[PDB]
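These values consider heavy atoms only, across backbone and side chains, with no hydrogens, waters or symmetry-generated copies. Numbers here are sequence positions counted from 1.
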Amino acid sequence: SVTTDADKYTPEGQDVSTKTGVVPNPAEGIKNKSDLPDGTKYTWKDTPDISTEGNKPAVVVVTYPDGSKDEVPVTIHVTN
Ligand SMILES: [Cu+2]
Ligand SMILES: [Cu+2]
Ligand code: NA
């Protein structure tokens, strides 16, 4: 079958905390980074809603060395 890195690897999510106003590190939202190939990249899919407190839904985009992408939903806990 056709298998990109995104087919091969299975990133898992975890909660991210951040203070209001502060954009957190999307890599922090991947629980099992050690399972993924060297130099795997992490980005937010969308601008995190960090201007006020709340449980903000976000998505970590995992971009593998072959250019394929996985998406991992997480909650950003934004607190003052
Ligand atoms: Cu195959
Ligand atoms: Cu608070
Ligand atoms: Na995957």
Hydrophobic cluster membership, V61 vs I50, 4.5 Å side-chain cutoff: no
So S51 and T20, do their side chains get closer than 4.5 Å, heavy atoms only? no
Which pair of heavy atoms, one from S17 and one from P24, lies closest together, and at what distance? O-CB, 4.1 Å
What salt bridge (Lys or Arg N to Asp or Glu O under 4.0 Å) pairs are there with at least one residue in residues 36-51, not counting sequence neighbours? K45-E71
Rounded distance [0.5 Å steps], CD in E53 versus OG1 in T79: 6.0 Å
Is there a donor-acceptor pair closer than 3.5 Å between any side-chain N or O of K33 and the backbone N or O of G29? no
With the side chain counted from C-beta on, respond yes when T40 and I30 share a heavy-atom pair under 4.5 Å apart, and no when they do not. no
Using the side chain to side chain contact (heavy atoms under 4.5 Å, CB included) criterion, which residues pair with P26? Sequence neighbours excluded. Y42, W44, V60
By side chain to side chain contact (heavy atoms under 4.5 Å, CB included) - contacts of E12 (at least two apart): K31, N32
What is the distance from atom OH of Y64 to atom CG of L36, rounded to the nearest 0.5 Å? 5.0 Å
Go through the structure and list residues passing side chain to side chain contact (heavy atoms under 4.5 Å, CB included) with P73, not counting sequence neighbours. none
Taking the side chain as everything from C-beta on, heavy atoms only, tell me whether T18 gets closer than 4.5 Å to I76. yes
Kindly determine whether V62 and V72 satisfy side chain to side chain contact (heavy atoms under 4.5 Å, CB included), including the steps that lead there. CA-CA 8 Å; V62 180; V72 179; 4.2 Å; yes
Nearest 0.5 Å, please: how far is CG in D70 from OH in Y9? 11.5 Å
Mind checking what makes side chain to side chain contact (heavy atoms under 4.5 Å, CB included) contact with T75, not counting sequence neighbours? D15, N55, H77
